[PDB]
Amino acid sequence: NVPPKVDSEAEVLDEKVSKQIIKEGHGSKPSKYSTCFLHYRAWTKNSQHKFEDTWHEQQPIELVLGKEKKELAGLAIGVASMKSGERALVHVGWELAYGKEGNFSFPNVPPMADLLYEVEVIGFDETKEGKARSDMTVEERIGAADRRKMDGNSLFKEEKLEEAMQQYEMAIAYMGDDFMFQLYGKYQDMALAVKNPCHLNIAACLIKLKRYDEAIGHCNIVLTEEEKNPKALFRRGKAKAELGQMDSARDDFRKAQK
């Protein structure tokens, strides 16, 4: 076939990945480490050369979010964005796909070629759980933390519910100082991807609960691993702001338009 023309606004799931949903899906989005079963077609953005197609193979694939495969990094970012039953289009940079020297046989992919995926998610299998430390491998931990980050992400939008915060804290509680220490590579990245946000989320989850000193610390845990984060620079200036510390409140406020 050929990349289905879709006029849906294009989400920007990441620097080099975007999605134009063509058909809606029931249920919720996956949680880090869920095993996704899916159908999809792959084309070259530019030469529109289809090079993969589960439908024809009439044999779908299982994709694990966090343990994907080098070339499929792109699609994994996109899938992560979609639900079960969902059908959509995902644009990926060779950077996150077969891109460096491009593939040569099985899937013949031209060097540095942007792919366009028509994806249909069948379902996803999330990680299971027992007791905080009890038998839990890293994978189960992060996914739970990601679930409970989510769990608390709902209990928090315009309002600043503490229960949200309470689930944010448990996100953290699965993966803590000890855990985080003995983590490495993609594993470390995956946790930080749930933890750092899950902090600014306990932050603002305080900046409007009348506890600002506690919200400035949370912004700190994060700003120490990557003081780059602006979403943090700002939110911190915010607490400082409602604390009459405009001499520093301003500092964080400005470095935040970096």
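Residues numbered from 1 in each chain as written, not as in the entry; some residues may be left out. Heavy atoms only, no water.

Structure determination for this entry, per the PDB record, employed X-ray crystallography and reached 2.85 Å resolution.

K.L.:
Teacher, can you tell me more about the UniProt feature "domain: PPIase FKBP-type" in the chain here?
P.N.:
In this numbering, the UniProt entry assigns the feature "domain: PPIase FKBP-type" to residues 33-125. What you have in residues 33-125 is 14% helix and 35% strand, and the ends, taken at the C-alpha atoms, are 9 Å apart. (UniProt positions renumbered as here; feature names shortened; annotations may be inferred. Helix = DSSP H or I, 4+ residues; strand = E, 2+ residues; numbered from the N terminus.)

K.L.:
Quick question: what am I supposed to make of the packing of aromatic side chains here?
P.N.:
According to the stated counting rule, one finds six aromatic pairs in the structure shown. Arranged with centres 5.4 Å apart and planes meeting at 80°, the rings of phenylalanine 51 and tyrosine 98 form a pair that is edge-to-face. Taken together, the residues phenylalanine 51 in the loop between β3 (35-44) and β4 (52-53) and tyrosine 98 in the loop between β6 (87-92) and β7 (115-125) connect sequence positions 47 residues apart. Note on accessibility: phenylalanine 51 and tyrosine 98 belong to one class, buried. For the pair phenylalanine 234 and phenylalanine 253, a centre-to-centre distance of 5.7 Å together with 15° between the ring planes defines the contact as stacked. Taken as a pair, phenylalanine 234 in helix α9 (residues 230-241) and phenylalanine 253 in helix α10 (residues 246-255) lie far apart in primary sequence, 19 residues in all. Using a relative accessible area of 43% as the deciding quantity, one classes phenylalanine 234 as partly exposed. Residue class for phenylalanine 253 comes out partly exposed when judged on its relative accessible area of 36%. (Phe/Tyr/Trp six-rings, centres within 6.5 Å; stacked < 30°, edge-to-face > 60°. Buried < 20%, exposed > 50% of the residue type's maximum accessible area, 1.4 Å probe, protein only.)

K.L.:
Mind showing me how you'd approach the nonpolar core here?
P.N.:
Taken as a class, soluble globular proteins show a tendency for nonpolar side chains to be buried jointly. Membership of the largest hydrophobic core comes to 31 residues, with the highest contact counts inside it found for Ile142, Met175, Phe179, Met180 and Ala191. Mapped by element, the contributors of at least two residues to this core are α3 (138-154), α4 (162-174), α5 (177-181), α6 (185-195), α7 (197-207) and α8 (213-225). Setting aside chain neighbours within four positions, we find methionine 180 in contact with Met175, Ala191, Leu192 and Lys195. One finds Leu38, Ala76, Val90 and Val119 within the second-largest nonpolar core, a separate group that totals 24 residues. (Core = buried A, V, L, I, M, F, W, Y, C linked by side-chain atoms within 4.5 Å. Contact = heavy atoms within 4.5 Å.)

K.L.:
I would appreciate a short explanation of a negative patch on the surface in the present structure.
P.N.:
Taken together, the side chains of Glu159, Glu162, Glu163 and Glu169 present a region of like negative charge at the surface. Secondary-structure assignment places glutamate 159 in the loop between α3 and α4. Residue classification places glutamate 159 among the partly exposed residues on the basis of a relative accessible area of 46%. (Patch = residues over 30% accessible without salt bridge, like charges linked within 9 Å, V, L, I, M, F, W, Y side chains within 5 Å. Areas by Shrake-Rupley, 256 points an atom, 1.4 Å probe, with all protein chains shown as cover. Salt bridge = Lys/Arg side-chain N within 4 Å of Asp/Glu carboxyl O. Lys, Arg positive; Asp, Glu negative; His and termini not counted. Charge placed at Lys NZ, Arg CZ, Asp CG, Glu CD.)

K.L.:
Can you help me understand the domain arrangement of the chain in this one?
P.N.:
Frequently, the measure chosen for interface size is the accessible area removed from exposure when the parts meet. Each domain of the chain was delimited in the assignment, giving domain 1 (1-125) and domain 2 (126-258). Inter-centroid distance (C-alpha atoms) of domain 1 to domain 2 is 29 Å. Contact residues are listed per partner, giving 12 residues for domain 1 and 14 residues for domain 2. Summed over both sides, the interface between domain 1 and domain 2 buries roughly 1100 Å², with carbon and sulfur atoms accounting for 58% of that surface. In terms of surface lost to domain 2, no three residues of domain 1 exceed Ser31, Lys32 and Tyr33, which account for 59% of the buried area on that side. The closest approach of N and O atoms between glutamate 139 and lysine 67, which form a salt bridge, is 3.7 Å. Summed over the shared surface of domain 1 and domain 2, the result is three residue pairs in polar contact. Broken down by class, the residue content of the side of domain 1 that touches domain 2 amounts to four nonpolar, three polar and five charged. (Domains from an automatic or database assignment. Buried area = accessible area lost by both parts, 1.4 Å probe. Polar contact = N/O pair within 3.5 Å; in protein donor to acceptor, adjacent residues only side chain to side chain. Nonpolar A, V, L, I, M, F, W, Y, C, P; charged D, E, K, R; others polar.)

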